[PDB]
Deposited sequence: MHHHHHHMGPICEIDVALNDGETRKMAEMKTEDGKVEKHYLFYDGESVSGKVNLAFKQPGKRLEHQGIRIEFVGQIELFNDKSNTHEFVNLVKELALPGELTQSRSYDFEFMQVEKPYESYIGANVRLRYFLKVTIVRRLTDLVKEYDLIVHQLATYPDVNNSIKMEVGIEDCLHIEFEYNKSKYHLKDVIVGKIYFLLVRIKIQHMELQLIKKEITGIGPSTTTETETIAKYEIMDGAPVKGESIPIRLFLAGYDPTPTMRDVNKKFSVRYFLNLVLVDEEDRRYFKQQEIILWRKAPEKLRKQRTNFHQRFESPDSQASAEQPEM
């Protein structure tokens, strides 16, 4: 076509904050950050390469879209959120033009999630309806905030065979915020048998199924190598160095993301012991 490019410029501009999501490659991508209920407003700038050049179009649109995209191949894709703003009726453009848009209080229920088997995305999409329409997408990030009291639930998990070997792990809460510290103690209540190796691991389970069809991808956020072995021990796990996401549960039934503490132990007999507990992560407001 005759357009050099489609530009989307938010009003918030310099002042509005930005966030970084990891792409599939692992490069950082920076985008403007929004919350539930916040307005999305700006300008759409269309530039012709050459002025006085008629373009006949069926329409000019901008949309705000919250998308869930499942298994990487299409098309289980559905838009839980869709707003439309018509910038121009069927007609023509002979010269660069700059449209205003404003979506007034925009539901953004879910935090953007880029996953191996699922993607939840928000974007502004400029569409020029022709003849194959011209499309431009402008990526937005949404964070889900929450609030919980500072108290100690003092959960514990144990790895125990019976009378001969017993190991207890005790930590302060079942719900941690994204910059929180997990505070723990590993009690050796009983060791009739030497311990070859002990691990504490923080892992994420992304469950990306619909109905009977179900799939789990597991990743290990952290490892605490308590014992190379073999001879209680205080545990402090600092969530802020890492890059976890809040717990996301049954999001549109499409997927869930959950976080677990695993206590893994290996004895002198090379027998493995495993105990797993779920913890809930949340994002504390910036302010």
Discussion item. So, counting the deposited sequence from position 1, which segments are absent from the coordinates?
Written reply: 1-8, 140, 241-244, 301-327
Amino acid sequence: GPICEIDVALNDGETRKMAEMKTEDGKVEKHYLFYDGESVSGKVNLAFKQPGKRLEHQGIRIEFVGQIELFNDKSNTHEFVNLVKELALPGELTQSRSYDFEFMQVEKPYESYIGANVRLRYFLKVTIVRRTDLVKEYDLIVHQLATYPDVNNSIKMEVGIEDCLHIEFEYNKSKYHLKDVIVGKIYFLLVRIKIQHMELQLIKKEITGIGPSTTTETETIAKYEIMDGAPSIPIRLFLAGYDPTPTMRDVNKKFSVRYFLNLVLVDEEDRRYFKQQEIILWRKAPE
From here on, numbers count along this sequence of modelled residues.
Worksheet item: On average, are the C-alpha B-factors higher in 24-32 or in 247-255?
Response: 24-32
Worksheet item: Is the mean CA B factor in the deposited entry higher across 136-144 or across 114-122?
Response: 114-122
Discussion item. For the CA B factor values reported in this entry, which option in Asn82, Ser174, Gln105, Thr215 has the top one?
Written reply: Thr215
Practice prompt. Just grab whichever of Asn45, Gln58, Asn262, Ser41 has the top CA B-factor as deposited.
Written response: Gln58
Worksheet, complete the sentence: Binned into thirds over the chain's modelled residues, the C-alpha B-factor of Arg131 lands in the highest
Discussion item. Quick check on the deposited entry: does the C-alpha B-factor of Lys205 sit in the lowest, middle or highest third of its chain?
Written reply: lowest
Worksheet, complete the sentence: Among the modelled residues of its chain, the C-alpha B-factor of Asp180 falls in the third labelled middle
Worksheet item: Comparing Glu86 with the other modelled residues of its chain, is its CA B-factor in the lowest, middle or highest third?
Response: lowest
Item to complete: Pull the Cα B-factor of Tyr224 out of the PDB entry and bin it into the chain's lowest, middle or highest third.
Response: highest
